[PDB]
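Chains as they are written, first to last, in my numbering: chain X, 220 to 483; chain E, 301 to 357; chain G, 301 to 357; chain D, 301 to 357; chain Z, 77 to 310; chain R, 2 to 49; chain F, 2 to 49; chain C, 35 to 315; chain V, 35 to 315; chain S, 26 to 52. Backbone N, C-alpha and C fix where the C-beta goes; we use that ideal spot for every residue, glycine too. Take a look at the structure set out below.
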Amino acid sequence: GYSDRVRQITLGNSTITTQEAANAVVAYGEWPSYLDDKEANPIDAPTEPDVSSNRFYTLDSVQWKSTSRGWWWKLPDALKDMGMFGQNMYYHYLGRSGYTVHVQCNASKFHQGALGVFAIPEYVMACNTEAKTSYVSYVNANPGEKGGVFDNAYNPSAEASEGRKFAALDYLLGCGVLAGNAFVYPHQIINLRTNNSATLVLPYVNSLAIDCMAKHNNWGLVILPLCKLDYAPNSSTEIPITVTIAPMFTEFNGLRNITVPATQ
Amino acid sequence: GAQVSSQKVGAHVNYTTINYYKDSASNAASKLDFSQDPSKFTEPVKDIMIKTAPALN
Amino acid sequence: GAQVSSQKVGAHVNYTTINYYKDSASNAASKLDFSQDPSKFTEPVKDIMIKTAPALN
Amino acid sequence: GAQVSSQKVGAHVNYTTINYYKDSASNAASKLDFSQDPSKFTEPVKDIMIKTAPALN
Amino acid sequence: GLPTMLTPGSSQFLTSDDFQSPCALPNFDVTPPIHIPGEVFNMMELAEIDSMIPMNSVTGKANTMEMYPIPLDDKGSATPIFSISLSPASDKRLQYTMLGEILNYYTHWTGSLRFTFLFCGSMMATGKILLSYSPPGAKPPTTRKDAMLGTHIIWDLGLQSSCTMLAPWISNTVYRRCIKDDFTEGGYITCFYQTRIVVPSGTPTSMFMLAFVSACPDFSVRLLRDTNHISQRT
Amino acid sequence: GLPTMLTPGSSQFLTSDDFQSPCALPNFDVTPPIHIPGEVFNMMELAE
Amino acid sequence: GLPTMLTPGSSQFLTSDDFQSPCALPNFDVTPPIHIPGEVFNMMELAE
Amino acid sequence: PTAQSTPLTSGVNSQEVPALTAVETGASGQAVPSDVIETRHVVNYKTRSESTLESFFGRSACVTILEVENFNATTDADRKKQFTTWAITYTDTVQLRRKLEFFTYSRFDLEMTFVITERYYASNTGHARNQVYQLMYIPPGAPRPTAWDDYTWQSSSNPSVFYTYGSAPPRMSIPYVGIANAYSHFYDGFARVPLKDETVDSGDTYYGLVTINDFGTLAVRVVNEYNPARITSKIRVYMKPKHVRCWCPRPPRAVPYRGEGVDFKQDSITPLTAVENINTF
Amino acid sequence: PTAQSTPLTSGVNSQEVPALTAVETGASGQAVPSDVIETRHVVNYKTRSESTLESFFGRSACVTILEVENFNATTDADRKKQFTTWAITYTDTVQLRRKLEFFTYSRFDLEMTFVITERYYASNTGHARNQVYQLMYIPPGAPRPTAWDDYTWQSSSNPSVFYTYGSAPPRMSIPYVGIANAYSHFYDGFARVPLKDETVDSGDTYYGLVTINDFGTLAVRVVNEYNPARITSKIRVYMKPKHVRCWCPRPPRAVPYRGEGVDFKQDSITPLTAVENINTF
Amino acid sequence: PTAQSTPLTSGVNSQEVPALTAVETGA
Ligand SMILES: [Ca+2]
Ligand SMILES: [Ca+2]
Ligand SMILES: [Ca+2]
Ligand SMILES: [Ca+2]
Ligand SMILES: [Ca+2]
Ligand SMILES: [Ca+2]
Ligand SMILES: [Ca+2]
Ligand SMILES: [Ca+2]
Ligand SMILES: [Cl-]
Ligand SMILES: [Cl-]
Ligand SMILES: [Cl-]
Ligand SMILES: [Cl-]
Ligand SMILES: [Cl-]
Ligand SMILES: [Cl-]
Ligand SMILES: [Cl-]
Ligand SMILES: [Cl-]
Ligand SMILES: [Cl-]
Ligand SMILES: [Cl-]
């Protein structure tokens with residue numbers, strides 16, 4: 220009866236079902252957990268918001284077209300405006316979180332295409348000016364739930380001031396490595412003939428027990444079309460990709476007034 | 301406080317180490333560590349996959 | 301007359317000392333002494349002050 | 301881990317070796333090996349030849 | 077003093093030496109370790125991970141995402157689908173895989189190579205594909221009837237999306253060299269339609285598969301060296 | 002002599018080194034210690 | 002340091018010397034030996 | 035511990051199908067030769083000794099070339115040639131950097147070795163006595179020299195090494211000095227949060243490791259006063275990671291670096307050579 | 035263990051005939067003096083210690099002489115004199131080669147020692163500061179230098195030795211590095227099989243060990259920049275096989291070598307001096 | 026020997042007032 224294709228995930232007041240899964244990945248074989256006393260750093264009693272924040276948040280959907288080059292998000296950036304998770308994140312200097320990432324993309328038995336879904340620790344990307352190095356604005360690095368897109372062309376700006384964004388070049392994974400090697404990162408593939416969803420469970424990953432969520436993204440989420448969307452009756456068809464992410468084992472330290480980041 | 305250990309074999313065999321310095325940072329290379337767990341990268345799946353069974357049932 | 305002692309830990313562990321000279325002045329640094337009594341400077345008061353009690357009763 | 305062995309005799313006698321390196325390739329010369337079997341080159345015949353007997357009977 | 081006598085090597089700096097040296101920061105208290113996920117102990121752990129072969133790195137596709145997908149169609153041509161030499165360090169298409177990149181820090185390799193193929197057509201597409209490894213020293217196979225005389229697997233496309241072909245360790249030498257070298261040549265990997273890809277109407281008649289390479293647990297490398305894949309102006 | 006081989010670092014003066022050295026005044030009789038009030042063991046005692 | 006005193010011969014290269022030396026390829030895994038016919042141990046085996 | 039031996043196996047005709055899988059799961063192919071061919075028994079005595087992290091990183095790599103000179107300096111520019119300062123990093127060179135960047139995080143002690151070379155600038159200005167070099171490690175916050183003979187070189191607390199030209203390359207060990215529980219090779223973030231309506235400039239701020247890393251400064255001088263003969267020196271700095279741990283593997287650098295970040299150069303992003311055909315042996 | 039003692043023996047008058055044999059069998063003569071003369075007892079205390087393979091090979095032998103220079107190079111030819119590369123081999127010289135070639139196969143570790151010498155090119159161009167040499171072992175596949183100061187010398191992974199002129203000859207041990215179970219001194223074959231009707235050229239292909247051997251490259255430079263005085267250097271490379279095993283003895287080389295193979299030279303194939311008569315004491 | 030660990034503590038509503046003192050004492 221039980222199947223690698225059929226899964227239920229419940230966190231807080233939220234449940235996901237899938238009937239065409241392909242198992243689930245636990246990044247580096249490690250389930251998320253709370254911070255042990257023997258690895259702790261800040262000494263204030265932490266906030267552990269539990270079900271208020273540790274629940275599935277669904278981002279705005281994106282459209283997969285035959286011409287799409289791919290999509291990226293950063294975490295916890297993508298969830299910074301999500302209910303009580305966002306409030307706990309911005310009221311505290313420090314936060315840590317694992318995640319359940321659920322990527323959703325259904326089609327038909329007559330569609331074809333394959334998405335690589337990669338969870339990348341410290342997903343540092345190239346800037347878009349050759350007048351400077353490491354020259355990216357906070358606003359362009361932290362787009363929130365809209366994330367960003369890859370391009371198949373690199374056109375760095377004439378003026379340094381116009382190039383303060385990522386050069387998200389697909390085949391170099393936006394960071395000077397070949398995209399074919401992205402499989403060293405925790406991943407699944409959504410191959411439309413096989414599966415309609417990817418599930419990645421991510422532990423907290425950092426060189427520290429806990430860090431400034433508003434300064435630092437622990438994970439990149441990359442969705443690359445490895446094989447282009449094709450549908451014989453309409454080559455210009457679009458199918459949605461929906462990203463749903465639950466924080467897990469969230470813990471916050473250093474309560475004060477709320478952080479309100481710059482928007483320009 | 302001499303440590304006697306097996307050498308890496310050559311063409312055809314213990315060696316002696318004494319640490320001279322009070323800081324471990326001063327020490328020579330760590331001893332060969334043959335630890336490995338490729339599955340954390342090659343098979344980081346929630347549900348066990350038996351090679352002989354279908355991957356998707 | 302070799303002394304074997306714990307090293308200060310590094311990134312990841314005993315070391316050996318022999319004194320070569322007849323004068324202790326020739327010796328390397330004294331071993332780590334973690335002794336402390338801050339109260340002789342921070343609380344040099346004649347009558348014990350219990351933190352939870354009023355300083356002046 | 302000192303090895304004490306017989307010296308090669310001179311005009312008229314042990315010596316001590318300690319290996320300092322973790323690789324056997326670093327070691328000094330192999331100990332004298334007096335092994336020999338000249339017959340594999342001088343008499344590699346299928347049927348035993350007794351010196352006192354005719355070589356061909 | 078204790079009578080001593082300096083030997084050859086005295087005062088040299090060998091960059092692969094393994095000696096003690098005085099600490100510039102004595103008595104320093106290192107930051108306590110904590111558990112971090114994803115600890116690596118051996119570069120061969122990374123070599124066992126599948127990475128995508130840029131199999132279609134032809135003019136106009138090299139250095140684009142289109143270098144990876146291997147073209148398939150429903151026409152049942154007798155021509156090979158792809159052909160590549162078992163030269164995992166030096167081949168123009170294998171050298172930039174994760175395995176290829178690790179091998180280019182070593183001089184010698186040994187063991188079995190795993191080629192895993194993912195079919196990315198529609199669910200309605202069927203087919204049988206022959207995947208072959210021909211150990212070297214004979215005419216490189218350009219027809220199915222030569223390819224099928226070597227080590228091979230017939231892959232039936234279906235619910236199980238992926239098929240693994242092994243290039244088992246078959247070598248004269250105990251190690252091969254991580255360079256293009258006739259003496260340590262590895263042989264020929266080829267691919268043919270066994271039947272053909274068949275689709276019904278309203279279905280794409282052209283599609284792709286992805287090819288992955290990884291090392292088997294019998295695989296090891298030796299003789300550390302600098303790679304030819306990174307440089308700088310001076 | 003005992004065969005030896007000099008390694009990198011030989012003859013350097015590292016100002017944080019911790020080596021023995023010969024005494025210029027051998028057999029010297031230091032003034033006996035007495036108890037003095039206010040002994041300090043750690044700079045963090047002063048920081049408190 | 003341990004007081005030492007260099008003797009005659011110090012720093013010479015005698016081509017018949019028999020000393021240890023650091024390995025340029027540390028931790029190297031030599032090809033396992035196999036039995037090969039015709040092993041020679043002594044040049045006097047060849048003289049016979 | 036050895037790499038895997040091959041067991042004796044014959045054929046199969048079975049509902050067991052180890053040749054098929056589904057890499058959509060995120061699992062790599064797992065099948066080995068005994069799953070898909072008839073195999074003999076082969077005992078494998080070979081080991082992965084030389085691909086342990088300690089073996090992979092167990093080399094002193096050149097990370098920079100510094101220049102210092104000794105001559106009678108009469109201008110500000112010539113006074114600045116009598117000593118040099120260098121922000122300590124592995125990003126001036128590419129080879130060790132690329133090896134470290136197979137990993138996101140690392141923890142290691144460091145062996146530092148120096149190779150110091152000289153040449154005469156000219157032949158008509160007599161000779162120069164043997165030179166002593168001071169290499170002073172200046173941790174962040176300690177005062178940096180503004181002249182080759184200022185007070186900072188007394189180095190009461192900073193570690194200095196005094197090297198005599200012609201002696202063995204100088205060498206010392208550095209502990210794991212990171213203020214985190216590991217070094218970060220990559221940092222997807224900023225040093226501060228820019229806040230709503232603040233007057234602080236957001237137009238010329240940087241991103242990533244360069245905004246947070248500081249391993250201090252190496253200051254080098256010739257301790258000797260000037261000879262009539264100008265001497266020019268190079269100091270090559272070597273790093274060997276030892277007692278190594280690493281976490282979270284990454285694809286290696288595929289295209290040239292163009293600075294301390296992950297940025298790439300428009301004329302150097304085509305690493306693959308196009309093959310004539312998909313069917314090229 | 036000693037060479038054979040002689041037993042006390044008198045005469046014989048016997049059907050036992052140890053003096054006769056038949057070397058057609060492939061057996062050498064076996065008879066000893068006690069078989070054919072009256073012998074006294076002689077205790078033999080003498081040993082074959084100095085003819086063990088370890089004793090026979092237990093010498094550092096010069097295998098090549100390399101040249102490098104340090105001067106201000108203004109032409110391509112002069113730039114190429116600032117460093118040198120050498121394909122590692124024992125065939126540049128004859129003495130160690132001939133000893134090794136008593137055997138078909140060998141297995142040994144190697145002690146490598148270097149002797150480095152300098153001279154002034156000229157007297158009218160002032161002086162030169164003491165020079166540091168880098169000897170870099172470049173395993174097959176690692177990038178080879180095209181200039182004395184290019185990126186390859188940072189040597190992150192290749193073993194390098196830095197040698198200070200006037201110091202003890204530098205020295206290191208090399209393991210048995212063969213990709214076979216022994217080194218081959220002779221290889222009766224080719225690197226590839228040329229196949230029927232192939233377009234590959236068969237007119238300029240080679241034969242034997244030279245087609246399959248590759249022990250990498252030694253690269254040498256003076257690390258110092260140029261002085262006004264040009265310095266020319268020789269690096270003599272010494273090899274000592276140690277921990278030696280050998281198999282399958284061969285007749286030794288009887289005539290001069292003329293390259294890396296077994297080829298001989300038409301004017302040098304008459305090693306014997308003719309005797310006046312078969313009856314010449 | 027290590028610097029001080031921090032114990033798990035919650036709030037108080039108490040006549041115990043460790044927040045107040047008198048540095049006139051020389052403490
Ligand atoms: Ca085994
Ligand atoms: Ca299976
Ligand atoms: Ca089988
Ligand atoms: Ca005897
Ligand atoms: Ca007889
Ligand atoms: Ca007799
Ligand atoms: Ca404590
Ligand atoms: Ca109080
Ligand atoms: Cl939406
Ligand atoms: Cl948002
Ligand atoms: Cl703003
Ligand atoms: Cl000594
Ligand atoms: Cl120089
Ligand atoms: Cl001073
Ligand atoms: Cl002076
Ligand atoms: Cl080609
Ligand atoms: Cl260099
Ligand atoms: Cl004669």
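Per DSSP, reduced to three states, the secondary structure at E152 of chain V is strand.
Contiguous alpha helix (DSSP H) elements confined to the segment 198–230 of chain Z occur at 220–223, taking only those with 4 or more residues.
Contact of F20 of chain R with chain C is not assigned, every C-beta pair being separated by 9 Å or more.
DSSP, read as helix, strand or coil, puts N359 of chain X in helix.
Annotation: Cβ neighbours of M206 of chain V in chain F (cutoff 8 Å, chain order): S22, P23, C24 and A25. If you draw a 10 Å sphere on the C-beta of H321 of chain X, you find 16 or more other C-beta atoms in it, and that means buried. Listed by position in the chain, the residues whose beta carbon lies within less than 6 Å of some heavy atom of ligand 10 are X:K299, X:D300, X:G363 and X:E364. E310 of chain V has its CB nearer than 8 Å to a heavy atom of ligand 18.
Shown here, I178 of chain Z sits in a helix according to DSSP, grouped into three states. Using beta-carbon distances, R252 of chain Z does not count as an interface residue toward chain C, since no partner is under 9 Å. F224 of chain C is a Cβ neighbour of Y357 of chain X, given a cutoff of 9 Å. For the segment 275–299 of chain Z, residues whose beta-carbon sits nearer than 9 Å to a beta-carbon of chain F comprise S296, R298 and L299. In the three-state DSSP reduction, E239 of chain X falls in the coil class, being neither helix nor strand.
If you check the CB distance, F117 of chain C and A253 of chain C come in under 9 Å. Assigned with DSSP and collapsed to three states, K274 of chain C falls in strand. Listed as beta-bridge partners of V322 of chain X by DSSP are X:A417 and X:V462. For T482 of chain X, the Cβ falls inside the 8 Å cut-off from some heavy atom of ligand 11. For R153 of chain C, at least one C-beta of chain V is nearer than 9 Å to its own C-beta. Shown here, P285 of chain C sits in coil according to DSSP, grouped into three states, outside any helix or strand. Bounds of any alpha helix (DSSP H) do not take in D238 of chain C, whose DSSP letter is neither H nor E. Annotation for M432 of chain X: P295, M308 and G314 place their beta carbon closer than 7 Å to its own, counting only its chain and skipping 5 residues before and after. Following the DSSP letters along the chain, one finds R113 of chain C inside the alpha helix (DSSP H) bounded by residues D110 to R113. Taking all protein chains in view, the Cβ of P228 of chain C is crowded by 16 or more other Cβ atoms within 10 Å, so the residue is classified as buried. Chain order gives the chain X residues near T31 of chain S as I262, where near means a beta carbon separation below 7 Å. Taking C-beta atoms under 8 Å as the contact rule, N260 of chain X and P340 of chain X fail to qualify, at a distance of about 19 Å. Counting only residues of its own chain and dropping the five nearest sequence neighbours on each side, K308 of chain E has a CB closer than 8 Å to the CB of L332. For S12 of chain F, the C-beta contacts it makes with chain Z under 7 Å involve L82 and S86, in order along the chain. The Cβ-Cβ distance between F385 of chain X and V336 of chain X does not fall below 9 Å. Annotation for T81 of chain C: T36 place their beta carbon closer than 6 Å to its own, counting only its chain and skipping 5 residues before and after. For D231 of chain C, the shortest C-beta to heavy atom distance toward ligand 11 is below 8 Å. Beyond the five residues adjoining it in sequence on each side, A481 of chain X comes within less than 7 Å, by CB distance, of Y357 and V358 in the same chain, given in chain order.
The segment 259–268 of chain C makes contact with the segment 88–108 of chain C, as at least three CB pairs between them are under 8 Å.
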